[PDB]
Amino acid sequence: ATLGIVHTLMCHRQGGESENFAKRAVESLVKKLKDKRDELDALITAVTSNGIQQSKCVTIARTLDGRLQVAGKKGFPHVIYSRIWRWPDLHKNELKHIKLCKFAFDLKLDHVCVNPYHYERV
């Protein structure tokens, strides 16, 4: 059942990462939201409507140094998912969170919002 969800999210990718990298990052996030139906629904809504339909934060636990590893490569979780679904050429320090983003990376909370439509490019 998560295969359908993963595939649907994968079709909205921009191609800034390898197929293996994007698949692994999407599967990892979906698994983290397994018992967070509201946040999984928010991600699907945000991604499949290309941000037109409003959504709440999609959060994952923050690691000791803030970085997330996917297929042997480390990076910030909000940059990883914003690079997958919105800016394929995205670099570090090119993101500013929106006013309504309660769990932004900049806020240095226990959890980090990875909703790509909760960030803006600079």
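Residue numbers here begin at 1 and follow the sequence given.
Q: Using the B-factors recorded in the PDB entry, average over the C-alpha atoms of 1-9 and of 112-120, then report which stretch comes out higher.
A: It is 1-9 that shows the higher mean C-alpha B-factor.
Q: Can you tell me which stretch has the higher mean Cα B-factor, 69-77 or 86-94?
A: Stretch with the greater average CA B-factor: 86-94.
Q: Using only the C-alpha B-factors in the record, can you name which of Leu33, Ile52, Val26, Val47 has the highest?
A: The record points to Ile52.
Q: Among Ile60, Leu40, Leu64, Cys57, which residue carries the highest C-alpha B-factor recorded in the PDB entry?
A: Checking the PDB record, the top C-alpha B-factor among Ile60, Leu40, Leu64, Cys57 is at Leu64.
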